[PDB]
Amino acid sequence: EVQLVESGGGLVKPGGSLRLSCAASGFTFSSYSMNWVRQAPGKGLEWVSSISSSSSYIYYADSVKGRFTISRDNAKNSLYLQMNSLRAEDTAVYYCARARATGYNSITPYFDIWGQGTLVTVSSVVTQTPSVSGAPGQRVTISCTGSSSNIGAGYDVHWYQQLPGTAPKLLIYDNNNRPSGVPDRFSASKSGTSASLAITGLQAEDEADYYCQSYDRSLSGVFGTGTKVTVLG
């Protein structure tokens, strides 16, 4: 059983500090590249920071450059993120995730395992159709439109399904491939500067926010804005 578990979120006053720790288990930690992506309480999904497997290649989203510091203790199967000088803009759920990249005429990571995330409250682009609906049995499509950089500079597109209480689950990797538990229904495409997820034969249990993801030559890993898919009665 492959698991990630964050901790340490809480309440912090602006200007503060706080240290999230993600603990990993059931896979050899040293072999994989790790990431934090945070999600506002109700808003989209945004990448925060990335650390390579042996801590050699570390990269931060522009929001946090100079405020946040990522690090890992491979000996303790652990990943830490040290946040200083928080702003209330940092408020979010902080997910911990294992990254993977295959390498076929492009090398664009995806995140295949997520923790459930730790909440950090502070007080005292690639667009996609914002909502889709359909009756049980119908077909739907969710379009993901990116730019000359990212999808059009030749990276790939992935898809995440976020059921209401949960953290993103991997739905599609490398444009059109389903991971283990994903039924024949889910499928995807890429063309030029855009992608498309298509849910064929809608089930009750499909109601969720779906996010397309990719990597940008400047923003260095980017999620779509997400699509709220609702199923009708």
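For every residue, the number given is its place in the sequence shown, counted from 1.
Asks: If you count the residues of the deposited sequence that sit between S124 and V125 but have no coordinates, do you get none, 1 to 3, 4 to 9, or 10 or more?
Replies: A long stretch, 10 or more residues, is missing between them.
Asks: Would you tell me which stretch averages the higher CA B-factor in the PDB entry, 82-90 or 149-157?
Replies: Looking at the record's C-alpha B-factors, the answer is 82-90.
Asks: Which has the higher mean CA temperature factor in the PDB entry, 129-137 or 108-116?
Replies: Higher of the two, by average CA B-factor, is 129-137.
Asks: Among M34, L171, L197, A40, where is the Cα temperature factor highest, going by the PDB entry?
Replies: Max CA B-factor in the entry, restricted to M34, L171, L197, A40: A40.
Asks: When the deposited Cα B-factors of this chain's modelled residues are ordered and cut into thirds, is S21 in the lowest, the middle or the highest one?
Replies: Highest third, going by the recorded CA B-factors of the chain.
Asks: How does the C-alpha B factor of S187 compare with the rest of the chain: lowest, middle or highest third?
Replies: For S187, whose C-alpha B-factor we compare with every modelled residue in the chain, the answer is the lowest third.
Asks: Select lowest, middle or highest to describe the third in which the CA B-factor of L219 falls within its chain in this entry.
Replies: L219: CA B-factor falls in the middle third of its chain.
Asks: Taking the C-alpha B-factors as the PDB entry records them, is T69 in the lowest, middle or highest third of its chain?
Replies: Middle third of the chain for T69's C-alpha B-factor.
Asks: If you rank every modelled residue in this chain by C-alpha B factor, which third holds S50: lowest, middle or highest?
Replies: Ranked within chain, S50 CA B lands in the middle tercile.
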